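Okay, so we've got a single protein chain in two different forms coming up as structure tokens, structure 1 first and structure 2 after it.
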Structure 1
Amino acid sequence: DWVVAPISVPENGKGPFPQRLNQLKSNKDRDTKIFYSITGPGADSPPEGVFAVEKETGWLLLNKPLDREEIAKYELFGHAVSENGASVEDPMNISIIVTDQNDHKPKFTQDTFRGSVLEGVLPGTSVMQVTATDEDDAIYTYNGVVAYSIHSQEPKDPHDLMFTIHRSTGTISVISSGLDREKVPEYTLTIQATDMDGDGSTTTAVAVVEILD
């Protein structure tokens, strides 16, 4: 049984590189000199040379920082060969799981979202629902969890802050009375989406609200 438990490595490691991860050891090295090697995507096939193993010592090395959103999991195989050329172990399955950091900003699905209401809708009326996605994890962390907010409203008649947005759903609602198509037939809202549920970084898009006739 030549085996190694799965290894989890956060993306965007600071190093220094190369970074030791685990030492591969065959116990057949008491009988002879052993040369270690690694194969698989990330080792000997694309992306090549992300991982390596030190020939004499069997230290598995990470050569550069990982990116979860490029490759989230690696399956490599370790090999142990004697000086006389015989493989002395069955190849070792080496599992490497890349864990998340918050390194993607949210992205709105559209640059412009449009919706419309009747002029006489009451306060609390839902206008439209906007959406932003985030490529980071949102299962175990907030890296991928978006909070929505309104950035600003034009024009500011009959007053400002006439709309709100649901922080989690992105539903934009009317919160004031005083819509009047004859005075202001359309509002341009700049809307924001922020990750870490409001504590992280932020992107913007526009929502245009038409007051119907």
Structure 2
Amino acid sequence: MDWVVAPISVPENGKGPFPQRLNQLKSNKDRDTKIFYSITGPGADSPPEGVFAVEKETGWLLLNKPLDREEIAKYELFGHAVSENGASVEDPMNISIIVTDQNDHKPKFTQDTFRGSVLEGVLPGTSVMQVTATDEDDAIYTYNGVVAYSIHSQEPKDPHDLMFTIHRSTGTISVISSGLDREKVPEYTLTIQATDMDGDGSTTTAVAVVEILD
């Protein structure tokens, strides 16, 4: 029994001493003459050259430097089996390296200051504006690139402490409180925050400035 495909999943930004062994190539034809293992492909001989390499006599595939998924997320290499005569013995094996994602990028708002406005008399619940942060890490298979929005603070605290809220996933800011009035407070400064790992990771900060209209 075997796998139809056996890719190698390697987490990026690996820590330990390099090189590192991943898996070990074997030719079943090795019960005859001593065979020599090599490797080809981008990441091996095509650029980026030398990221992976194979020990000639042992077949151990080696990773030489830490990977960065956001630079290259998958490799397609080829293992080669030859004899002393430098003659290959069986077709080259496909090698698929999948770089799995770590949380090595912090979220980043698209702007330092977002600007919106709303009419003083809108109903609680009315949307005002939408803010956006991005995260270089994966958000499809992991949480590393999943941003959660929040409002840090509101200035001025007049009338209520908290006039606005934000949708934690979409970044839409809405009115949650009655009492907006341009003549009393014409503008609010909301310190907004975006945290990766869906709220458990790192945070950056920005500002949403909301103008209150008559």
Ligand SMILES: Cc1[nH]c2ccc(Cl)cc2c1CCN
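FYI, numbering is relative to structure 1, first residue = 1.
Q: Which structure would you label as the form solved in complex with the named molecule, 1 or 2?
A: Between the two, the form solved in complex with the named molecule is shown as structure 2, not structure 1.
Q: Could you name the item of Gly58, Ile191, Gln101, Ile175 at the hinge, where fit switches from one rigid part to the other between the two structures?
A: From the list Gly58, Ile191, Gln101, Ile175, the one at the hinge is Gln101.
Q: Measure the rotation of the smaller rigid part relative to the larger between the two structures and give it in whole degrees.
A: Rotation between the two rigid parts between the two structures amounts to 14 degrees.
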